[PDB]
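S.K.: Quick one, fold the following:
(chains A and B)
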Amino acid sequence: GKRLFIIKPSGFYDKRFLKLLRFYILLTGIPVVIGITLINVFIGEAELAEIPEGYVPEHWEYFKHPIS
Amino acid sequence: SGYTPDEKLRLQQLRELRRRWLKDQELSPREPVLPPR
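M.R.: Residues are numbered from 1 along each chain as shown, chains lettered A, B, ... in the order given. Sure, structure below:
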């Protein structure tokens, strides 16, 4: 009576798209961030030492980050 | 001058129709919206 019929265009398609977008980013938003969290809180990054006396390293063991 | 009576007749029919439309826009089933959950 007091509240008339407001006329909004449509909302269902837009809310469906944003629901699908947040759900299908949230599907791998939680595990990837949790995995990189577990990496930089458990396995540790690296340490600052040099090449020892007469020794050959690999082409890795040059990089601070372990996933790198 | 003024209206021609054809315009008066036409306009009074549009009075009735436009009042019926705008009253029909006024909803009150005691509940406009309803969430199913």
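S.K.: Can you get me a residue count around residue 30?
M.R.: Since you didn't name a chain, this refers to chain A. Using other C-beta atoms under 10 Å in any protein chain shown, residue A:30 has 10 neighbouring residues. C-beta: built from backbone N, CA, C; applies to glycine.
S.K.: Chain B was what I was after
M.R.: Around residue B:30 there are 5 residues (other C-beta under 10 Å).
S.K.: any idea how far it lies from chain A?
M.R.: From residue B:30 across to chain A, the span is 9 Å (C-beta to the nearest C-beta, to the nearest Å).
S.K.: Show me what from chain B comes close to chain A.
M.R.: When proximity is defined by C-beta under 8 Å from any C-beta of the partner chain, chain B lies next to chain A at B:25, B:26, B:27, B:28, B:32.
S.K.: Tell me how many other residues crowd the residue in chain A positioned nearest to chain B.
M.R.: Proximity to chain B, evaluated over chain A using C-beta to the nearest C-beta, is greatest for residue A:1 at 4.2 Å. Look at residue A:1: counted by other C-beta under 10 Å, it has 8 neighbours.
S.K.: so who does it touch?
M.R.: The neighbours of residue A:1, taking C-beta atoms under 8 Å, 6 or more residues apart in numbering or on different chains as the test, are B:26, B:28.
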